[PDB]
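Positions of Cβ are backbone-derived with ideal geometry, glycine not excepted, and every protein chain shown enters the neighbour counts. FYI, it's all coordinate maths here, none of it is from the lab.
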C-alpha cells in the first residue's frame, strides 16, 4: 500500500516538477521580443541599405 | 546585426558629409587638403610633388 501511495506520489512529483520547472511559456516573451527586433532589423537595415 | 545597423546609422550621419571628399582641414601650422600637406615652413619643408 505504501508502494502504491509511493507510485501516486511519484507520478505527482514528476508531473508537478515538470510543470513547475519549464512550462515553455517563458520563451514566448523572448520570441515576441526577438520577432519585433527581427522586424526592426529587416526594416532599418534595408532602409539604410 | 542590429549593431551593424546602428553602425550603418552612424555611417549615414557620416554619409551626410559625402559632399566633402577633397575637403581641407587644418593640421599643425598649415592646412592639408584631403590628407595632402600644402605649404612649407622654415623648419620642416614638404615635397614638391606633394604640393
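Identify, by number, the condition in (1) within 30 Å of residue A:37 (Cα to Cα); (2) more than 14 Å from chain A (Cβ to nearest Cβ); (3) outside any loop (DSSP other than H, G, I, E, B) that residue B:17 doesn't meet.
Unmet condition: (3).
Residue check: is residue B:22 more than 14 Å from chain A (Cβ to nearest Cβ), in contact with a strand residue (DSSP E or B) (Cβ under 7 Å, 6 or more places away or on another chain) and closer than 30 Å to residue A:47 by Cα?
Numbers: more than 14 Å from chain A (Cβ to nearest Cβ): yes; in contact with a strand residue (DSSP E or B) (Cβ under 7 Å, 6 or more places away or on another chain): yes; closer than 30 Å to residue A:47 by Cα: yes.
Yes: the conditions hold for residue B:22.
Tell me the residue from A:30, A:14 that is farther than 30 Å from residue B:4 by Cβ and assigned to a helix (DSSP H, G or I), please. Don't jump to the end; show me each part of the working.
On the way: A:30 fails: farther than 30 Å from residue B:4 by Cβ.
Result of the check over A:30, A:14: A:14.
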